[PDB]
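Engineer: pasting the sequence and an experimental structure:
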Amino acid sequence: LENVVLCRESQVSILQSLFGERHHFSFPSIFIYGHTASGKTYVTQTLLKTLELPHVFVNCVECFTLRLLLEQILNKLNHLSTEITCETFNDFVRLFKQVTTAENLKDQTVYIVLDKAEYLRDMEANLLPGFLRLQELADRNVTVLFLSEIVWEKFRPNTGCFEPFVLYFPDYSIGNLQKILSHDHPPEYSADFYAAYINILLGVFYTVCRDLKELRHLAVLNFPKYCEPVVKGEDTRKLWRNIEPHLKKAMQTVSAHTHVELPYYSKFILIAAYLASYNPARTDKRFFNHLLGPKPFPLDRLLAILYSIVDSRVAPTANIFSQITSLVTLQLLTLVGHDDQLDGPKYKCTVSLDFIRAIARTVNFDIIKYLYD
Amino acid sequence: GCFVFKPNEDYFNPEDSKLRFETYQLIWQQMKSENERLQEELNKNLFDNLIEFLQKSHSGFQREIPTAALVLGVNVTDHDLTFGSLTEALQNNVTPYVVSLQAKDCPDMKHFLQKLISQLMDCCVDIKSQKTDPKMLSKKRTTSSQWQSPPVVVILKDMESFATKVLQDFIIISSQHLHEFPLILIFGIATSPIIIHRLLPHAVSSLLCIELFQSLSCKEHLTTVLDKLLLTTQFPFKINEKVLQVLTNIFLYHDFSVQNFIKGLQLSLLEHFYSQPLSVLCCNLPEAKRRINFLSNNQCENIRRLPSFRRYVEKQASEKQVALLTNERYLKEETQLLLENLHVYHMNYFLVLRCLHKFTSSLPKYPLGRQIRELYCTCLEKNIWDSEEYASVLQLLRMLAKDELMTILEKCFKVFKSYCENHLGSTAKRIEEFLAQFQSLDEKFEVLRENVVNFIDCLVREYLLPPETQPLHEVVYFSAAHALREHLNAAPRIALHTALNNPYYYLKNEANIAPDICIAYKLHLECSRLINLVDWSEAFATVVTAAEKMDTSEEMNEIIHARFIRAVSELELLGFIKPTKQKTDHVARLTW
Amino acid sequence: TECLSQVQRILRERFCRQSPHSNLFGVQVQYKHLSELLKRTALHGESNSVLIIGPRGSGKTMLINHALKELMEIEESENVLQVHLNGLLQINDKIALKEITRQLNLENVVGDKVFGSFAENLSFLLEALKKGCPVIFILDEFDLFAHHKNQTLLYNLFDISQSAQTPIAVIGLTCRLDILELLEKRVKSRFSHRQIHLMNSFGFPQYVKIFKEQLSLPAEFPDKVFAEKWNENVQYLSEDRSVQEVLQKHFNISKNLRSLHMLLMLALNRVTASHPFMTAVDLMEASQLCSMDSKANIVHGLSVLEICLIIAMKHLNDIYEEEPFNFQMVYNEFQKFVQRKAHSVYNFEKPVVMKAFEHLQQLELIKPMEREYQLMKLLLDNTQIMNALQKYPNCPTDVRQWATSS
Amino acid sequence: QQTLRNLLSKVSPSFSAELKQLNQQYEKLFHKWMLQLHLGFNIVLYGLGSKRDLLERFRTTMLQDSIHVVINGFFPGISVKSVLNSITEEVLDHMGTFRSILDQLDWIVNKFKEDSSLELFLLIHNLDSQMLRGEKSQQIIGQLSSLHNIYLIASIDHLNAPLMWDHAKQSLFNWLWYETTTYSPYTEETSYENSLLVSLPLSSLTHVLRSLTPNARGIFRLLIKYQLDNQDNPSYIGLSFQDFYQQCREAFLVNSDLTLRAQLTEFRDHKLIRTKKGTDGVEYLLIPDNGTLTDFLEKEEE
Ligand SMILES: Nc1ncnc2c1ncn2[C@@H]1O[C@H](COP(=O)(O)OP(=O)(O)OP(=O)(O)O)[C@@H](O)[C@H]1O
Ligand SMILES: Nc1ncnc2c1ncn2[C@@H]1O[C@H](COP(=O)(O)OP(=O)(O)OP(=O)(O)O)[C@@H](O)[C@H]1O
């Protein structure tokens, strides 16, 4: 809540100017894209908190149906009663005229802030061009302030709409990522020294993730670990060269063991399903690139290679078929004919080769020259 | 076509049904109750670590959301029982706000939230004494303002069969505002924690706090329930080694579950109580002495005339044969001590079988039996000292004579020192007999000669094959393997192969008489590559032309074609030939 | 002062609310075609149903409300009971009937029986209105209206417009071109044809005049000296050839006359703090804040692991062309590039390389068409990536050598 | 079909005595089914010949007292909606809820836990067929039959018939598997399916039309119009899922991707939409003629 800017001042100021004072009209709709790191709700919430433009805030992650997205907008707006119910959209534009006729916001440009609008994209085809024209659909000094993860070019309805004014909130630059990744609040060191730690950590680490949230998390972990040998041992260079031996392994390490005990015929089932998925260009006849993935194959071929793999005392009982259905619910095999029938469709293999190697080796079987070579 | 008719108990069917059925209901209900307790005791080391972890991750709330991903086994058949026990333990020592989601009652998000708030509403309204999302938060804000604001936890039972869309949206909703409503979800991963990376993309997987728990790997679960349920002296109904071999095979090969095993033992006990008229006296020994003394005389002729007793007749003298043959009043006297000898053989059998289990589990590489299950198997399939496997133990046990063997003689002795007076009367007072051998363990030759007299006395005295050694053993033993196996686990793909290839039921048909349908399939697979229709109609017509002349042609072509089309709709219907669309016609060889 | 807040209040409304400014240019013959038709449908009982088509952002709603205001000014309020509909709100028939009930003041009589035949429904609405009488139907955004389940509030309006002969104009406002070909054949053969408008723009040297007549402070007087000062400044900016340079650049992307409102809207937002009379360079940066490249701002900000991955995907088009790839071929090309390189800074191990993919899927540069090694699709251009890799500020030399190799 | 079936049963099935005897072997095994079914098991019984008349003789000898919902599965009218509807009215003696399948499922579960000894048991002929099965469909039979007060008997005919039972779904109803053979030809299936020697007519489309939502009815209008409007183009190889998703979304008929995919797989059940994989790997959709597609939505709107 504290720092409104942390040097992103020009985008803040053009957005701050664009709102204007209360008694005159503003834009109908503003669309702000950017990366997920870039403060697109930190900047707009600490901008809107200062002037208290009387606003409603929503996430559309929360509202999975259309009725809740209208209900919370109307219910949060009338406080600035009972649940003022809207089943349909024309109910929202009807009840909107009564709600925004109060002295708090009769003249004031009400902002209906919509967050993470890419989840609104697949709500309906109605609601997005129905919300972009709200300044003259209901005519009550509104400005629907969008923000999103996604580019505007995909977001358009392909009929067209009121094209909103589009801002690009910039990504944080390198010296700006030195400054705004916690140059304020270092508790016990000098801010020179915490910036010296993170100025070393960041320049090494500015190639995997420029996300500010996780880098605040990683820095508030590996800074107190860096901190402890200074205040215990005692010179930034020496513990710079101590902190990078720990930083490489903490980079690499941010999945217990792959091996799962299975009943013995299910082991031989998915051994057979692997062996019929990964080299299967009618090479059944021989024994008895790889990179593209698993090729699908029918059930009767799997059953034939099952008979060749196992010792021959198998019978097709109800349990060996019921197990071969029950391997699919645990997502070790997949059906790729989605509805081709109950009769045996193509079942393609979906487990990685190391896991299959371990499953084959825990029952007496070395298979890699047998698998694709 | 589902026409309903409206209408507008002790029936079982000699073995007289009323005390038969109450004997059934007593034995099976007793076994099920002790089954559920010996489930809930083993899991206490697992989930009473869990109460510690959930207590620690709740109490430090003054950016994160805690998940404890259990790794339960591949058996989905008994995953309800561990979650019933875990719901009980978490409900008692932590909050009375515990809900569980099934992953079949919520395909998408509206059902998820509607079923979760209804389960939470009944769960809060009982122990205090709706499609909306933030009203759930208002429920937690109303319902628990106090008592350290207890954390409401959801139990996703299957992590796997959830779609990723609805689960991702719920985790971002719940992690968005857990200021009020602290939520600690515990999804039960069926495979291994690897797949929580697979089903959750990295943003939502970064949102949460993962701490994984093991679960009881399943072979040392069924060693406890096999060991406690049938290996004891206590339960009146034992089981044959072949029927047990059938039951424990379809555990360890196909199913890997324990609820199927207890269904298998349930079916064995039911079929035993149906089968034979001497099954009524499957009881403890005074309850046996209750109505051995009064009973119908034809069932006592059956207690004379079942084959193991007539072996006992074959080994005995004439002067008591002439009275014990027919008369009831002495036949009670000899059969009562025969049932006492049955209980005697069971009681001196199982204790030193457990002794031999400890003394053989101590060994390197363990050649006889891996575990306590299979020792029952090896001492009953072949005769044990006849077989090479106990020959291999006896060949092993000589030069193993060191302080490892003396130390584990001490340790095995200690665990059946607890079973010294838990046996509490042996049937030879074998506890203080073998303990009288086993009391010089504190004070290298003595381990060898003490070993010699101990295994020879033990194994040659009681450890032998139960049918021939003991008459009247039909009463406690139920044995029918391939009568039960087809009831429990059948094969229709082998039945159709047998009754379509060889439909010989009892006049000449084994290698042209009494099908229509086997004529159709057998003639289809006399031309064994693939087929077209008209020539197949002419070929079927040819072989039943042979049938007609081995007892006009145009009428015969009509009736042959009509019965052909009745046959070929079945041969499509039963999962063979699947119709070859848009061509002139053909049938496709779909099963070889 | 009085001037800055008054100019921004009076110019901002006609500027960005698309408020009714009285100057209308390019549309004089279409308007004049509309007025006598509206006067003879409104003044007399007969009902004719004109239809309007044009592009988005030009023409329609301004014309129909301007002609409506001028016709309302004539009396004998004439009792024309206008009923505004929109295509976006009233999606279905049941909402449409109660919406006509709402506009036409019907709930004095209760009418609380859903009737089966909806021609009796519409005839009842017009019937209780008629005994109580002209209506003018402005059916806006007709292209969403042409997706009814049964096309009732298309068709029954046309049948009543020929058959009931209560005074009616079904004035459709559309956006897509084929209003006839999309319309279903019983209605389109029934009564769709009354005389169809077509709407388009005009020439650039008059479009600079519509810039000046748009921007100039109106005949409304905030303070007449400040209007003379500022509209003279508008003309001085207008006669300068750099504003004419940026305005011709704006014509050849946008003939819209809505894009001009936004382009100038950012300019006037900049103006009131200092220099109230502004530069051509201020209109230049006002154009410049309106972006040209929506995807360079997405690709320019990405860290360089996503850069060498995205140019690996571009390289996956330049060998083994046109398949929707999976992860493994991307990993293979990235590894063959890093094994071409000597240094081991950028040989980042496999589980990190998935994190770049599941971040890059959220930008929808890559597309899903089995779970994490399948059939992923690239929707992009080479040349925007080739421009983006030189404008990357901390772009390393090895990914530059990757770009030059390609 | 009919003049082919006049000739059926003219003279001489070539054995009779062992067929009466092989069916007369199984009449001794019925009181076992009654006892085994009272304890909580469920009998599936498979076979090679017709055993549905055996189940009818079974219900005549031992089900004159109890409720039985004989669900045929061989004729194409029955899917599990009709099961739940008929069990709700004609067994519970009052109609139930109407909002969803899961609502009436949970509701029809709910009546049995409170009302002791109501003792209803259905029996199903031909539980595996083209219409009865399905993971939406078979689980409702499962979850319904898991209780103590419902005892289903089935018959599975297929060769791959226990492929639709994973372990969890198998433990809803405790199966034990009888073996039966009768050799009687399955006259009801072969009667009421089809005969090839003579596409789908108007009746089953009327039944699917009258058992579904009006929005699903609005959906197939769009699909049948895009099919009929391009019927004589041999390059039209069907709409994709995304084109159909946007053209169904613009007409407000459905909201999400998953709802349309579920509607597509339940309409892929009735064999009136066929998926085709092109060279993209994207599977386009085309259904099985043109003149029989004009008649419905000619008459569905005047
Ligand atoms: N300039 C800044 N100064 C301080 N903290 C910042 C700044 N920018 C971003 N943050 C961090 O980002 C958080 C706000 O996240 P942000 O505003 O990036 O969400 P968002 O952009 O709406 O997310 P998304 O784009 O994923 O919807 C703040 O809690 C803060 O931790
Ligand atoms: N000939 C013109 N005269 C005056 N203003 C015009 C003219 N052409 C376009 N405009 C302006 O362009 C915008 C057109 O808005 P209007 O809603 O009338 O048409 P539209 O936007 O194409 O309609 P829709 O909302 O269906 O797209 C308004 O700002 C209007 O002031």
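Structural biologist: Here it is on my side, so go on. Numbers count the residues shown, from 1 in each chain, chains lettered A, B, ... in the order given. Ligands and ions are numbered 1, 2, ... in the order given.

Engineer: with chain B as the reference, measure out to the residue in the stretch 151-300 of chain D that ligand 1 sits nearest to.
Structural biologist: Here the stretch 151-300 of chain D gets closest to ligand 1 at one residue, residue D:256, 21.1 Å apart by Cβ to the nearest ligand atom. C-beta: built from backbone N, CA, C; applies to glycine. Counting by Cβ to the nearest Cβ, to the nearest Å, the gap from residue D:256 to chain B is 7 Å.

Engineer: count the residues that sit near that residue.
Structural biologist: Burial of residue D:256 is recorded as 18 neighbouring residues (other Cβ atoms under 10 Å in any protein chain shown).

Engineer: likewise residue A:104?
Structural biologist: By other Cβ under 10 Å, 11 other residues sit near residue A:104.

Engineer: for it, list the residues it contacts.
Structural biologist: Residues in contact with residue A:104, defined by Cβ atoms under 8 Å, 6 or more residues apart in numbering or on different chains, are A:54, A:80.

Engineer: you'd agree residue D:96 is in a helix?
Structural biologist: No. Using DSSP: H, G, I helix; E, B strand; the rest coil, the secondary structure at residue D:96 is coil, not a helix.

Engineer: which one is it nearest to, not counting chain neighbours?
Structural biologist: Nearest non-adjacent residue to residue D:96, counting by Cβ to Cβ, 6 or more residues apart in numbering or on different chains: residue D:88, 4.0 Å away.

Engineer: got the contact list for that neighbour?
Structural biologist: Contacts of residue D:88 were listed using Cβ under 8 Å, 6+ apart, and they are D:94, D:95, D:96, D:104, D:108.

Engineer: what do you get for residue B:40?
Structural biologist: So residue B:40 contacts B:85, B:88 (Cβ under 8 Å, 6+ apart).

Engineer: ditto for residue A:331
Structural biologist: Applying Cβ under 8 Å, 6+ apart, we find residue A:331 in contact with A:350, B:160, B:191, B:195, B:198.

Engineer: separation between the first one and residue A:360?
Structural biologist: What it means is residue A:350. Residue A:350 sits 17 Å away from residue A:360, going by Cβ to Cβ, to the nearest Å.

Engineer: what does the third one give?
Structural biologist: Remark: distance between residue B:191 and residue A:360 (Cβ to Cβ) = 17 Å.

Engineer: same thing with the fourth one?
Structural biologist: Look at residue B:195 and residue A:360: by Cβ to Cβ, they are 20 Å apart.

Engineer: the two: which is more packed in?
Structural biologist: Neighbours were counted for residue B:195 and for residue A:360 using other Cβ under 10 Å; residue A:360 has more, 22 against 19.

Engineer: chain D versus that one, what's the distance?
Structural biologist: 23 Å.

Engineer: so that residue makes contact with residue A:366?
Structural biologist: Yes. Using Cβ atoms under 8 Å, residue A:360 and residue A:366 qualify as a contacting pair, with a distance of 7.4 Å.

Engineer: residue A:144 in helix, strand or coil?
Structural biologist: Taking three-state DSSP as the rule, one finds residue A:144 in the strand state.
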